[PDB]
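There is one chain below, alone, in structure tokens, taken in the form deposited in one PDB entry.
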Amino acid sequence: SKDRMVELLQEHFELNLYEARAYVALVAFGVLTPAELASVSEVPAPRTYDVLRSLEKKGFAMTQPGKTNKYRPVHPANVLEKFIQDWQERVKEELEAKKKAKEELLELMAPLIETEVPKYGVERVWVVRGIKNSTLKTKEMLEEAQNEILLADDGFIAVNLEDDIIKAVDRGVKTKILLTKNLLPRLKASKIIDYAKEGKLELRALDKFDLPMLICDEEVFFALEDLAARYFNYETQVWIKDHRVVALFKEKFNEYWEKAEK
């Protein structure tokens, strides 16, 4: 059962193999010198000196310093109990430290904490050119619109999104639709005209506007004008997610909005 004594020492009292063996030897034989320890234990001769000295610091042994160091064991009923008590104080301090750390981390993370869940990533700028990619990107904006939808279309949009707008409107999203006159001839409803008549959305027409745009909440979608590209529907478009930037486009839209209607 000496192995058991040694086993319980390493596991619950911060003693390593040799230190555990050394202490067990002391209790059993009483007073030992490093050399004597080597002959009655499994502690290597060369190590018994620092192992006994080690126990000395841990409170497991008392010593007679001299040419020949004598070591006697502390009564296990004392050292073992003293340890647990000491251990409990160390644990209390570590607990106080973890709690302090938590309070600090919480104050630091307060400003950084984000309650909005990123819908399709953290990117706030996206460059689109394809007809497919332009369509998907626009559908995302409308699908995620919550407050307002401002659409100034001259025809740069590759797809008719009557259903996506109407789906957005039925969700309670305020919608303003601005069209060029020579799009109405192809804009026979096909709803929207219906929703307009029913006052479910606003619909105004204008002959000319140079900066067509799609605004959804705090996002804007616009093209970098390229007349040739627009024909091939490969015109470069930009999506931006920023209230400052969108607020600017929103001012431009309202300038258009107050100038025409049919």
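For the two forms, the rigid core is made up of the largest set of C-alpha atoms that agree within 1.5 Å on superposition. Residue indices: 1-based, along the sequence shown.
The form deposited in another entry is left out here; the points below concern that form.
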Superposing on the rigid core, do we see a C-alpha displacement of 2 Å or more at residue 10 between this form and the one not shown? yes
For a quick test of reading the superposition: does residue 225 move by 2 Å or more at the CA between this form and the one not shown, rigid core aligned? no
Please check if residue 104 moves between this form and the one not shown, taking a CA shift of 2 Å or more relative to the superposed core as movement. yes
Closer or farther apart in the other form, the C-alpha atoms of residue 136 and residue 115, for a change of 3 Å or more? farther
Cα distance between residue 238 and residue 159, which in the other form differs by 3 Å or more from this form, closer or farther: farther
